[PDB]
file query01.txt (compact mmCIF, C-alpha atoms)
# COMPACT_ATOMS: atom_id res chain seq x y z
CA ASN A 1 56.26 42.43 -55.21
CA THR A 2 59.79 43.85 -55.65
CA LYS A 3 61.62 42.50 -58.73
CA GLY A 4 63.39 39.18 -58.16
CA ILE A 5 62.08 38.40 -54.66
CA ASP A 6 59.21 36.16 -55.83
CA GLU A 7 61.62 34.43 -58.22
CA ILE A 8 64.08 33.60 -55.43
CA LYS A 9 61.20 32.50 -53.15
CA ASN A 10 60.08 30.04 -55.83
CA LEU A 11 63.65 28.81 -56.34
CA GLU A 12 63.89 28.21 -52.59
CA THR A 13 60.57 26.33 -52.56
CA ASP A 14 61.66 24.04 -55.41
CA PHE A 15 65.05 23.51 -53.74
CA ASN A 16 63.23 22.62 -50.50
CA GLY A 17 65.88 24.36 -48.46
CA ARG A 18 67.07 27.79 -47.38
CA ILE A 19 68.83 30.21 -49.74
CA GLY A 20 70.69 33.34 -48.65
CA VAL A 21 71.91 35.92 -51.14
CA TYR A 22 73.52 39.33 -51.05
CA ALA A 23 74.71 41.14 -54.16
CA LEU A 24 76.07 44.66 -54.57
CA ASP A 25 77.01 46.75 -57.60
CA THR A 26 79.98 48.81 -56.36
CA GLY A 27 79.45 51.27 -59.22
CA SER A 28 75.82 52.30 -58.67
CA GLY A 29 75.44 51.16 -55.07
CA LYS A 30 72.40 49.08 -56.04
CA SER A 31 71.90 45.80 -54.16
CA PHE A 32 69.74 42.71 -53.87
CA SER A 33 69.24 40.70 -50.70
CA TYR A 34 67.25 37.67 -49.54
CA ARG A 35 67.81 36.20 -46.04
CA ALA A 36 71.10 38.16 -46.11
CA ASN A 37 71.01 38.54 -42.33
CA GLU A 38 70.42 34.86 -41.52
CA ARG A 39 73.21 32.45 -40.53
CA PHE A 40 74.53 29.71 -42.86
CA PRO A 41 77.48 27.30 -42.45
CA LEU A 42 80.72 28.68 -43.93
CA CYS A 43 82.20 25.29 -44.93
CA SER A 44 85.41 25.93 -46.96
CA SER A 45 84.41 29.51 -47.84
CA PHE A 46 86.36 30.92 -44.86
CA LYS A 47 89.62 29.79 -46.58
CA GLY A 48 89.28 32.81 -48.87
CA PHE A 49 89.47 35.07 -45.80
CA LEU A 50 92.34 33.02 -44.32
CA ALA A 51 94.41 33.91 -47.42
CA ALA A 52 93.66 37.62 -46.89
CA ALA A 53 94.78 37.34 -43.25
CA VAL A 54 98.15 35.98 -44.45
CA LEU A 55 98.44 38.89 -46.92
CA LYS A 56 97.64 41.38 -44.12
CA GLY A 57 100.32 39.74 -41.97
CA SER A 58 102.83 40.05 -44.84
CA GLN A 59 101.89 43.72 -45.29
CA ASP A 60 102.42 44.45 -41.56
CA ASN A 61 105.83 42.75 -41.99
CA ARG A 62 104.86 40.25 -39.27
CA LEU A 63 105.11 37.44 -41.85
CA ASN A 64 107.08 36.98 -45.04
CA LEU A 65 105.38 35.24 -47.97
CA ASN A 66 108.77 33.84 -49.08
CA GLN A 67 109.27 31.93 -45.81
CA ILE A 68 109.56 28.20 -46.52
CA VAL A 69 107.07 26.22 -44.43
CA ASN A 70 108.37 22.74 -43.53
CA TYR A 71 105.90 19.96 -42.67
CA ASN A 72 107.63 16.74 -43.80
CA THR A 73 106.78 15.04 -40.48
CA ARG A 74 103.10 16.07 -40.38
CA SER A 75 100.26 13.77 -41.46
CA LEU A 76 98.18 15.65 -44.04
CA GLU A 77 94.41 16.10 -43.84
CA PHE A 78 91.86 14.63 -46.26
CA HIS A 79 91.88 16.64 -49.52
CA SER A 80 95.38 18.18 -49.57
CA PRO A 81 96.13 18.05 -53.34
CA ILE A 82 98.87 20.69 -53.32
CA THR A 83 100.54 20.23 -49.92
CA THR A 84 100.92 16.48 -50.54
CA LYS A 85 102.92 17.22 -53.72
CA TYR A 86 105.47 19.40 -51.89
CA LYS A 87 105.64 17.59 -48.54
CA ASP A 88 109.32 16.67 -49.00
CA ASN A 89 110.78 20.08 -49.90
CA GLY A 90 108.16 22.34 -48.32
CA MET A 91 106.31 25.36 -49.73
CA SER A 92 106.58 29.12 -49.38
CA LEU A 93 103.94 30.68 -47.09
CA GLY A 94 102.54 32.59 -50.07
CA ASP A 95 102.08 29.46 -52.20
CA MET A 96 100.50 27.65 -49.24
CA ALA A 97 97.95 30.44 -48.68
CA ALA A 98 97.13 30.42 -52.42
CA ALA A 99 96.58 26.64 -52.32
CA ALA A 100 94.22 26.92 -49.32
CA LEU A 101 92.07 29.27 -51.41
CA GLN A 102 92.45 27.93 -54.97
CA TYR A 103 92.29 24.21 -54.21
CA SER A 104 90.57 24.40 -50.81
CA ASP A 105 93.64 22.52 -49.52
CA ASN A 106 92.94 21.31 -45.97
CA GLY A 107 96.57 20.67 -45.05
CA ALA A 108 97.47 24.22 -46.10
CA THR A 109 94.48 25.57 -44.20
CA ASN A 110 95.26 23.82 -40.91
CA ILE A 111 99.01 24.44 -41.09
CA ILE A 112 98.42 28.18 -41.60
CA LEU A 113 95.80 28.30 -38.81
CA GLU A 114 98.15 26.47 -36.41
CA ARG A 115 101.34 28.43 -37.12
CA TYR A 116 100.42 31.93 -38.30
CA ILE A 117 96.80 32.90 -37.65
CA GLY A 118 96.26 31.53 -34.14
CA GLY A 119 93.63 28.90 -34.87
CA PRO A 120 89.83 29.47 -35.04
CA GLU A 121 90.17 32.21 -32.38
CA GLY A 122 92.79 34.08 -34.38
CA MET A 123 90.81 33.76 -37.62
CA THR A 124 87.72 35.12 -35.84
CA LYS A 125 89.81 37.92 -34.31
CA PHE A 126 91.06 38.96 -37.77
CA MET A 127 87.50 39.18 -39.10
CA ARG A 128 86.42 41.27 -36.08
CA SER A 129 89.31 43.66 -36.80
CA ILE A 130 88.00 44.39 -40.31
CA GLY A 131 84.49 45.17 -39.01
CA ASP A 132 82.85 41.75 -39.31
CA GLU A 133 80.65 41.10 -36.24
CA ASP A 134 78.92 37.99 -37.65
CA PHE A 135 81.73 35.66 -38.78
CA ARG A 136 82.76 32.90 -36.41
CA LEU A 137 85.16 30.01 -36.90
CA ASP A 138 84.97 27.63 -33.93
CA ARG A 139 86.51 24.42 -35.28
CA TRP A 140 89.31 23.14 -37.51
CA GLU A 141 89.09 21.16 -40.75
CA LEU A 142 87.33 18.93 -41.22
CA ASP A 143 85.12 19.12 -38.08
CA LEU A 144 83.76 22.55 -39.02
CA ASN A 145 81.73 20.97 -41.86
CA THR A 146 78.94 19.38 -39.79
CA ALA A 147 76.40 22.01 -40.95
CA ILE A 148 73.85 20.99 -38.30
CA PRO A 149 70.61 23.04 -38.56
CA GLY A 150 70.34 25.67 -35.83
CA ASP A 151 74.02 25.33 -34.84
CA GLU A 152 75.78 28.71 -34.84
CA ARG A 153 79.32 27.29 -34.90
CA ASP A 154 81.33 28.00 -38.08
CA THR A 155 78.74 30.26 -39.66
CA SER A 156 78.26 33.81 -40.90
CA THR A 157 75.63 35.72 -42.89
CA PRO A 158 75.60 36.34 -46.66
CA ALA A 159 75.66 40.09 -45.97
CA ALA A 160 78.67 39.87 -43.60
CA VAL A 161 80.59 37.70 -46.07
CA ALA A 162 79.86 40.18 -48.88
CA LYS A 163 80.88 43.21 -46.77
CA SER A 164 84.13 41.55 -45.66
CA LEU A 165 84.96 40.52 -49.23
CA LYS A 166 84.33 44.08 -50.45
CA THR A 167 86.46 45.52 -47.63
CA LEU A 168 89.38 43.16 -48.30
CA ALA A 169 89.33 42.98 -52.12
CA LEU A 170 88.27 46.55 -52.93
CA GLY A 171 88.80 48.52 -49.71
CA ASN A 172 91.80 50.00 -47.85
CA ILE A 173 92.68 47.23 -45.34
CA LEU A 174 95.12 45.67 -47.81
CA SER A 175 97.62 47.79 -49.77
CA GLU A 176 97.41 48.20 -53.53
CA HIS A 177 99.99 45.44 -54.01
CA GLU A 178 98.34 42.97 -51.60
CA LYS A 179 94.91 43.62 -53.13
CA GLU A 180 96.30 42.79 -56.56
CA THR A 181 97.69 39.52 -55.15
CA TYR A 182 94.39 38.75 -53.40
CA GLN A 183 92.40 39.42 -56.58
CA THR A 184 94.81 37.24 -58.61
CA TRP A 185 94.37 34.36 -56.14
CA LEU A 186 90.57 34.68 -56.29
CA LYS A 187 90.57 34.74 -60.12
CA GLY A 188 92.67 31.58 -60.15
CA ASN A 189 90.22 29.57 -58.01
CA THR A 190 89.75 26.11 -59.57
CA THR A 191 86.54 24.92 -57.88
CA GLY A 192 83.83 27.37 -58.94
CA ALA A 193 82.94 26.55 -62.56
CA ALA A 194 79.38 25.41 -61.77
CA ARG A 195 78.43 28.14 -59.30
CA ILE A 196 78.69 31.95 -59.63
CA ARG A 197 80.93 31.60 -62.71
CA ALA A 198 78.12 29.73 -64.48
CA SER A 199 75.64 32.61 -64.02
CA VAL A 200 77.55 35.34 -65.90
CA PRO A 201 78.46 36.07 -69.56
CA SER A 202 81.61 34.48 -71.00
CA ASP A 203 83.53 37.78 -71.18
CA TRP A 204 82.97 38.76 -67.52
CA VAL A 205 85.85 37.97 -65.12
CA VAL A 206 85.20 36.17 -61.82
CA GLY A 207 87.20 35.72 -58.63
CA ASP A 208 85.62 33.38 -56.07
CA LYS A 209 85.86 30.89 -53.22
CA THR A 210 83.46 27.97 -52.88
CA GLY A 211 82.37 26.04 -49.83
CA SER A 212 80.92 22.51 -49.73
CA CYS A 213 80.23 20.96 -46.32
CA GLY A 214 79.27 17.50 -47.58
CA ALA A 215 76.30 17.46 -45.19
CA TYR A 216 72.74 18.85 -45.16
CA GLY A 217 73.04 19.86 -48.83
CA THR A 218 75.13 22.80 -47.63
CA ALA A 219 77.14 24.63 -50.28
CA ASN A 220 78.03 28.22 -51.09
CA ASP A 221 80.14 30.61 -53.15
CA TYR A 222 81.13 34.27 -52.95
CA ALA A 223 82.80 36.33 -55.62
CA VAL A 224 84.05 39.63 -56.95
CA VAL A 225 82.74 39.88 -60.50
CA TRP A 226 84.23 42.31 -63.03
CA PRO A 227 81.65 42.83 -65.81
CA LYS A 228 82.85 44.03 -69.24
CA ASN A 229 83.25 47.84 -69.06
CA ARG A 230 81.62 48.11 -65.60
CA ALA A 231 82.54 48.49 -61.94
CA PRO A 232 82.89 45.19 -60.03
CA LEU A 233 79.98 43.40 -58.32
CA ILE A 234 80.10 41.52 -55.00
CA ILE A 235 78.00 38.35 -54.84
CA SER A 236 77.45 36.03 -51.88
CA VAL A 237 75.25 32.92 -52.10
CA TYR A 238 74.73 30.44 -49.27
CA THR A 239 72.43 27.40 -49.19
CA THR A 240 71.49 24.62 -46.80
CA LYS A 241 68.79 21.95 -46.32
CA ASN A 242 67.18 20.09 -43.41
CA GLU A 243 68.03 16.57 -44.58
CA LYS A 244 71.39 15.29 -43.34
CA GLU A 245 71.90 13.13 -46.44
CA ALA A 246 70.78 15.70 -49.03
CA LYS A 247 73.32 16.55 -51.74
CA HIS A 248 74.12 20.16 -52.61
CA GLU A 249 72.79 21.72 -55.82
CA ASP A 250 75.31 23.72 -57.83
CA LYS A 251 72.56 24.79 -60.24
CA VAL A 252 70.57 26.38 -57.41
CA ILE A 253 73.59 28.49 -56.44
CA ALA A 254 74.11 29.50 -60.08
CA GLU A 255 70.43 30.41 -60.54
CA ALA A 256 70.31 32.42 -57.29
CA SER A 257 73.33 34.37 -58.56
CA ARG A 258 71.72 34.96 -61.99
CA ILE A 259 68.55 36.29 -60.29
CA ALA A 260 70.57 38.64 -58.06
CA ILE A 261 72.59 40.11 -60.96
CA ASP A 262 69.47 40.74 -63.06
CA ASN A 263 67.64 42.37 -60.15
CA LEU A 264 70.03 44.94 -58.68
CA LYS A 265 68.01 47.95 -57.46
call {"tool": "encode", "arguments": {"input": "query01.txt", "output": "structure tokens"}}
result
Amino acid sequence: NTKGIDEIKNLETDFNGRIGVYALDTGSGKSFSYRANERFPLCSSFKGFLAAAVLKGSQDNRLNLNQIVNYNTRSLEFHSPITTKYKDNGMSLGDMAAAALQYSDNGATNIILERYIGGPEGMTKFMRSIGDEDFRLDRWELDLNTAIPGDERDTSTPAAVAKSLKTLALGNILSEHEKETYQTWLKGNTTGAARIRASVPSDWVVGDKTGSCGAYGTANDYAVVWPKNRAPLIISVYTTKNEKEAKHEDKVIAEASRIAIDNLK
């Protein structure tokens, strides 16, 4: 069989779940896919796209990243490490968007969705505008994390996530300046050490956004990877299981990424 497919099938069997992967070498055009067209829960991974929406809004001069966002009278959501620190004085819109991505800050995520993006509908509309027909955000944090098998709410496909990431980080939707900011934010992510970052050599640079639902062993990660002296790669790995109480496996995500990188054709 084609290189890497049997290896990922065996990984999936041992994991006793479902693994979706899409990888693309932007230099040669070679790719690797496995269940790339199947739906998987997004979990926090959509926050990486939320940040890009804010950058697009700044670029259109509809928003200003320097605008101070005040929320001193708003109860903050579970897991709001950055927004809790600056609740008294407030935070600039740019810093809030960065926190939503880099720390998966829920307060930052919901505040931005409520005030600037137009909620789940607005987030979905933004993705449709960049050519993404699969992405769908239906709920807010933290309800969107249920990850119920068969449920199409708050899901997308590994292929759609990869295409949207390539379009936003390396395409022409965002200007040269906004792309640099977006790439900097991705590189500064603090939650992906054990996933895609663990599958590549020490001298390769990685920009990513993780997602962990906390249910049905559902976890994921997508990234722009800049290999030493090579054009960037786009990697998207999504996983889920049928047991409600099953824990996610970071090592499975890392291994699926390693297999994809070594089998680009």
call {"tool": "closest_residue", "arguments": {"input": "query01.txt", "among": "A:196, A:121, A:141, A:216", "to": "residue A:76", "atoms": "all atoms listed in the file"}}
result
A:141
call {"tool": "closest_atom_pairs", "arguments": {"input": "query01.txt", "of": "stretch 75-102 of chain A", "to": "stretch 35-58 of chain A", "cutoff": "12 Å", "atoms": "all atoms listed in the file", "output": "Markdown table"}}
result
| residue | atom | partner | partner_atom | distance |
| --- | --- | --- | --- | --- |
| A:79 | CA | A:44 | CA | 11.6 |
| A:92 | CA | A:54 | CA | 11.9 |
| A:93 | CA | A:54 | CA | 8.3 |
| A:94 | CA | A:54 | CA | 7.9 |
| A:95 | CA | A:51 | CA | 10.1 |
| A:96 | CA | A:51 | CA | 8.9 |
| A:97 | CA | A:51 | CA | 5.1 |
| A:98 | CA | A:51 | CA | 6.7 |
| A:99 | CA | A:51 | CA | 9.0 |
| A:100 | CA | A:47 | CA | 6.1 |
| A:101 | CA | A:48 | CA | 5.2 |
| A:102 | CA | A:48 | CA | 8.4 |
call {"tool": "residues_near_point", "arguments": {"input": "query01.txt", "point": "(95.2, 17.3, -52.2)", "cutoff": "9 Å", "atoms": "only C-alpha atoms", "output": "mmCIF file with C-alpha atoms, keeping the file's coordinate frame"}}
result
data_model
loop_
_atom_site.group_PDB
_atom_site.id
_atom_site.type_symbol
_atom_site.label_atom_id
_atom_site.label_comp_id
_atom_site.auth_asym_id
_atom_site.auth_seq_id
_atom_site.Cartn_x
_atom_site.Cartn_y
_atom_site.Cartn_z
ATOM 1 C CA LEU A 76 98.180 15.650 -44.040
ATOM 2 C CA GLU A 77 94.410 16.100 -43.840
ATOM 3 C CA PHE A 78 91.860 14.630 -46.260
ATOM 4 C CA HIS A 79 91.880 16.640 -49.520
ATOM 5 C CA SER A 80 95.380 18.180 -49.570
ATOM 6 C CA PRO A 81 96.130 18.050 -53.340
ATOM 7 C CA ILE A 82 98.870 20.690 -53.320
ATOM 8 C CA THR A 83 100.540 20.230 -49.920
ATOM 9 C CA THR A 84 100.920 16.480 -50.540
ATOM 10 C CA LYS A 85 102.920 17.220 -53.720
ATOM 11 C CA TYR A 103 92.290 24.210 -54.210
ATOM 12 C CA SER A 104 90.570 24.400 -50.810
ATOM 13 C CA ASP A 105 93.640 22.520 -49.520
ATOM 14 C CA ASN A 106 92.940 21.310 -45.970
ATOM 15 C CA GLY A 107 96.570 20.670 -45.050
#
call {"tool": "closest_residue", "arguments": {"input": "query01.txt", "among": "A:208, A:179, A:72, A:20", "to": "residue A:193", "atoms": "only C-alpha atoms"}}
result
A:208
call {"tool": "atom_distance", "arguments": {"input": "query01.txt", "atom1": "atom CA of residue A:191", "atom2": "atom CA of residue A:237"}}
result
15.0 Å
call {"tool": "residues_around", "arguments": {"input": "query01.txt", "residues": "residue A:143", "least_positions_apart": "4", "cutoff": "10 Å", "atoms": "only C-alpha atoms", "output": "PDB file with C-alpha atoms, in the frame of the given file"}}
result
ATOM      1  CA  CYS A  43      82.200  25.290 -44.930  1.00  0.00           C
ATOM      2  CA  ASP A 138      84.970  27.630 -33.930  1.00  0.00           C
ATOM      3  CA  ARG A 139      86.510  24.420 -35.280  1.00  0.00           C
ATOM      4  CA  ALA A 147      76.400  22.010 -40.950  1.00  0.00           C
ATOM      5  CA  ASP A 154      81.330  28.000 -38.080  1.00  0.00           C
ATOM      6  CA  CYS A 213      80.230  20.960 -46.320  1.00  0.00           C
TER       7      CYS A 213
END
call {"tool": "closest_residue", "arguments": {"input": "query01.txt", "among": "A:137, A:23, A:108, A:246", "to": "residue A:122", "atoms": "all atoms listed in the file"}}
result
A:137
call {"tool": "axis_aligned_box", "arguments": {"input": "query01.txt", "around": "stretch 23-31 of chain A", "padding_each_side": "3 Å", "output": "JSON"}}
result
{"center_x": 75.9, "center_y": 46.7, "center_z": -56.7, "size_x": 14.1, "size_y": 17.2, "size_z": 11.1}
call {"tool": "closest_residue", "arguments": {"input": "query01.txt", "among": "A:123, A:225, A:194, A:148", "to": "residue A:169", "atoms": "only C-alpha atoms"}}
result
A:225
call {"tool": "atom_distance", "arguments": {"input": "query01.txt", "atom1": "atom CA of residue A:22", "atom2": "atom CA of residue A:243"}}
result
24.3 Å
call {"tool": "atom_distance", "arguments": {"input": "query01.txt", "atom1": "atom CA of residue A:127", "atom2": "atom CA of residue A:8"}}
result
29.1 Å
call {"tool": "residues_around", "arguments": {"input": "query01.txt", "residues": "residue A:192", "least_positions_apart": "2", "cutoff": "12 Å", "atoms": "only C-alpha atoms", "output": "MDAnalysis selection string"}}
result
chainID A and resid 45 101:104 186:190 194:199 206:212 219:223 250:251 253:254
call {"tool": "residues_near_point", "arguments": {"input": "query01.txt", "point": "(72.0, 38.9, -50.5)", "cutoff": "12 Å", "atoms": "all atoms listed in the file", "output": "JSON, numbers by chain"}}
result
{"A": [4, 5, 8, 19, 20, 21, 22, 23, 24, 25, 30, 31, 32, 33, 34, 35, 36, 37, 38, 39, 157, 158, 159, 160, 161, 162, 163, 221, 222, 234, 235, 236, 237, 238, 239, 256, 257, 259, 260, 261, 263, 264]}
call {"tool": "residues_around", "arguments": {"input": "query01.txt", "residues": "residue A:228", "least_positions_apart": "3", "cutoff": "10 Å", "atoms": "all atoms listed in the file", "output": "ChimeraX atom specification"}}
result
/A:201-205,225,231-232
call {"tool": "residues_around", "arguments": {"input": "query01.txt", "residues": "residue A:240", "least_positions_apart": "5", "cutoff": "6 Å", "atoms": "only C-alpha atoms", "output": "ChimeraX atom specification"}}
result
/A:17-18,217-218
call {"tool": "closest_residue", "arguments": {"input": "query01.txt", "among": "A:252, A:135, A:70, A:1", "to": "residue A:115", "atoms": "all atoms listed in the file"}}
result
A:70
call {"tool": "build_atoms", "arguments": {"input": "query01.txt", "residues": "stretch 26-50 of chain A", "atoms": "N, CA, C and O atoms", "output": "PDB file, keeping the file's coordinate frame"}}
result
ATOM      1  N   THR A  26      79.133  47.775 -56.957  1.00  0.00           N
ATOM      2  CA  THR A  26      79.980  48.810 -56.360  1.00  0.00           C
ATOM      3  C   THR A  26      79.989  50.122 -57.161  1.00  0.00           C
ATOM      4  O   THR A  26      80.433  51.148 -56.658  1.00  0.00           O
ATOM      5  N   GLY A  27      79.493  50.079 -58.395  1.00  0.00           N
ATOM      6  CA  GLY A  27      79.450  51.270 -59.220  1.00  0.00           C
ATOM      7  C   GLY A  27      78.239  52.158 -58.957  1.00  0.00           C
ATOM      8  O   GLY A  27      78.377  53.369 -58.785  1.00  0.00           O
ATOM      9  N   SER A  28      77.054  51.555 -58.904  1.00  0.00           N
ATOM     10  CA  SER A  28      75.820  52.300 -58.670  1.00  0.00           C
ATOM     11  C   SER A  28      75.347  52.256 -57.223  1.00  0.00           C
ATOM     12  O   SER A  28      74.538  53.085 -56.808  1.00  0.00           O
ATOM     13  N   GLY A  29      75.847  51.294 -56.458  1.00  0.00           N
ATOM     14  CA  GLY A  29      75.440  51.160 -55.070  1.00  0.00           C
ATOM     15  C   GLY A  29      74.160  50.352 -54.926  1.00  0.00           C
ATOM     16  O   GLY A  29      73.666  50.162 -53.814  1.00  0.00           O
ATOM     17  N   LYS A  30      73.616  49.881 -56.047  1.00  0.00           N
ATOM     18  CA  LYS A  30      72.400  49.080 -56.040  1.00  0.00           C
ATOM     19  C   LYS A  30      72.685  47.686 -55.466  1.00  0.00           C
ATOM     20  O   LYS A  30      73.763  47.135 -55.675  1.00  0.00           O
ATOM     21  N   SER A  31      71.717  47.121 -54.754  1.00  0.00           N
ATOM     22  CA  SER A  31      71.900  45.800 -54.160  1.00  0.00           C
ATOM     23  C   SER A  31      70.648  44.935 -54.215  1.00  0.00           C
ATOM     24  O   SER A  31      69.555  45.399 -54.536  1.00  0.00           O
ATOM     25  N   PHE A  32      70.833  43.659 -53.913  1.00  0.00           N
ATOM     26  CA  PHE A  32      69.740  42.710 -53.870  1.00  0.00           C
ATOM     27  C   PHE A  32      70.046  41.784 -52.704  1.00  0.00           C
ATOM     28  O   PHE A  32      71.173  41.305 -52.565  1.00  0.00           O
ATOM     29  N   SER A  33      69.052  41.560 -51.851  1.00  0.00           N
ATOM     30  CA  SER A  33      69.240  40.700 -50.700  1.00  0.00           C
ATOM     31  C   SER A  33      68.027  39.827 -50.414  1.00  0.00           C
ATOM     32  O   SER A  33      66.887  40.220 -50.669  1.00  0.00           O
ATOM     33  N   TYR A  34      68.291  38.630 -49.901  1.00  0.00           N
ATOM     34  CA  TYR A  34      67.250  37.670 -49.540  1.00  0.00           C
ATOM     35  C   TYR A  34      67.864  36.815 -48.428  1.00  0.00           C
ATOM     36  O   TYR A  34      68.826  36.086 -48.668  1.00  0.00           O
ATOM     37  N   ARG A  35      67.311  36.922 -47.220  1.00  0.00           N
ATOM     38  CA  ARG A  35      67.810  36.200 -46.040  1.00  0.00           C
ATOM     39  C   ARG A  35      69.301  36.510 -45.828  1.00  0.00           C
ATOM     40  O   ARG A  35      70.054  35.677 -45.325  1.00  0.00           O
ATOM     41  N   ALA A  36      69.709  37.719 -46.212  1.00  0.00           N
ATOM     42  CA  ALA A  36      71.100  38.160 -46.110  1.00  0.00           C
ATOM     43  C   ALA A  36      71.613  38.303 -44.685  1.00  0.00           C
ATOM     44  O   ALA A  36      72.820  38.312 -44.450  1.00  0.00           O
ATOM     45  N   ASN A  37      70.686  38.393 -43.742  1.00  0.00           N
ATOM     46  CA  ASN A  37      71.010  38.540 -42.330  1.00  0.00           C
ATOM     47  C   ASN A  37      70.845  37.255 -41.517  1.00  0.00           C
ATOM     48  O   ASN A  37      70.945  37.275 -40.291  1.00  0.00           O
ATOM     49  N   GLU A  38      70.572  36.144 -42.197  1.00  0.00           N
ATOM     50  CA  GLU A  38      70.420  34.860 -41.520  1.00  0.00           C
ATOM     51  C   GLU A  38      71.744  34.090 -41.570  1.00  0.00           C
ATOM     52  O   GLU A  38      72.548  34.288 -42.484  1.00  0.00           O
ATOM     53  N   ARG A  39      71.971  33.226 -40.582  1.00  0.00           N
ATOM     54  CA  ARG A  39      73.210  32.450 -40.530  1.00  0.00           C
ATOM     55  C   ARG A  39      73.189  31.179 -41.385  1.00  0.00           C
ATOM     56  O   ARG A  39      72.163  30.505 -41.491  1.00  0.00           O
ATOM     57  N   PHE A  40      74.334  30.885 -42.007  1.00  0.00           N
ATOM     58  CA  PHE A  40      74.530  29.710 -42.860  1.00  0.00           C
ATOM     59  C   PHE A  40      75.937  29.179 -42.580  1.00  0.00           C
ATOM     60  O   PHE A  40      76.834  29.955 -42.256  1.00  0.00           O
ATOM     61  N   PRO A  41      76.148  27.855 -42.699  1.00  0.00           N
ATOM     62  CA  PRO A  41      77.480  27.300 -42.450  1.00  0.00           C
ATOM     63  C   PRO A  41      78.472  27.838 -43.489  1.00  0.00           C
ATOM     64  O   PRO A  41      78.136  27.979 -44.662  1.00  0.00           O
ATOM     65  N   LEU A  42      79.679  28.159 -43.043  1.00  0.00           N
ATOM     66  CA  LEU A  42      80.720  28.680 -43.930  1.00  0.00           C
ATOM     67  C   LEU A  42      81.349  27.600 -44.809  1.00  0.00           C
ATOM     68  O   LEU A  42      81.642  27.843 -45.981  1.00  0.00           O
ATOM     69  N   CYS A  43      81.539  26.407 -44.241  1.00  0.00           N
ATOM     70  CA  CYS A  43      82.200  25.290 -44.930  1.00  0.00           C
ATOM     71  C   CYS A  43      83.589  25.833 -45.337  1.00  0.00           C
ATOM     72  O   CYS A  43      84.170  26.634 -44.597  1.00  0.00           O
ATOM     73  N   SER A  44      84.094  25.461 -46.513  1.00  0.00           N
ATOM     74  CA  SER A  44      85.410  25.930 -46.960  1.00  0.00           C
ATOM     75  C   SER A  44      85.513  27.402 -47.362  1.00  0.00           C
ATOM     76  O   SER A  44      86.619  27.890 -47.610  1.00  0.00           O
ATOM     77  N   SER A  45      84.387  28.111 -47.425  1.00  0.00           N
ATOM     78  CA  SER A  45      84.410  29.510 -47.840  1.00  0.00           C
ATOM     79  C   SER A  45      85.305  30.424 -46.994  1.00  0.00           C
ATOM     80  O   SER A  45      85.846  31.400 -47.512  1.00  0.00           O
ATOM     81  N   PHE A  46      85.507  30.091 -45.719  1.00  0.00           N
ATOM     82  CA  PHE A  46      86.360  30.920 -44.860  1.00  0.00           C
ATOM     83  C   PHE A  46      87.824  30.921 -45.331  1.00  0.00           C
ATOM     84  O   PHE A  46      88.565  31.843 -45.004  1.00  0.00           O
ATOM     85  N   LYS A  47      88.237  29.890 -46.076  1.00  0.00           N
ATOM     86  CA  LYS A  47      89.620  29.790 -46.580  1.00  0.00           C
ATOM     87  C   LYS A  47      90.017  30.991 -47.445  1.00  0.00           C
ATOM     88  O   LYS A  47      91.201  31.314 -47.558  1.00  0.00           O
ATOM     89  N   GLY A  48      89.022  31.640 -48.051  1.00  0.00           N
ATOM     90  CA  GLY A  48      89.280  32.810 -48.870  1.00  0.00           C
ATOM     91  C   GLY A  48      89.683  33.981 -47.984  1.00  0.00           C
ATOM     92  O   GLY A  48      90.455  34.843 -48.399  1.00  0.00           O
ATOM     93  N   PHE A  49      89.150  34.012 -46.764  1.00  0.00           N
ATOM     94  CA  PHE A  49      89.470  35.070 -45.800  1.00  0.00           C
ATOM     95  C   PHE A  49      90.786  34.754 -45.089  1.00  0.00           C
ATOM     96  O   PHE A  49      91.503  35.665 -44.673  1.00  0.00           O
ATOM     97  N   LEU A  50      91.090  33.462 -44.941  1.00  0.00           N
ATOM     98  CA  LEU A  50      92.340  33.020 -44.320  1.00  0.00           C
ATOM     99  C   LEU A  50      93.513  33.530 -45.171  1.00  0.00           C
ATOM    100  O   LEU A  50      94.516  34.007 -44.638  1.00  0.00           O
TER     101      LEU A  50
END
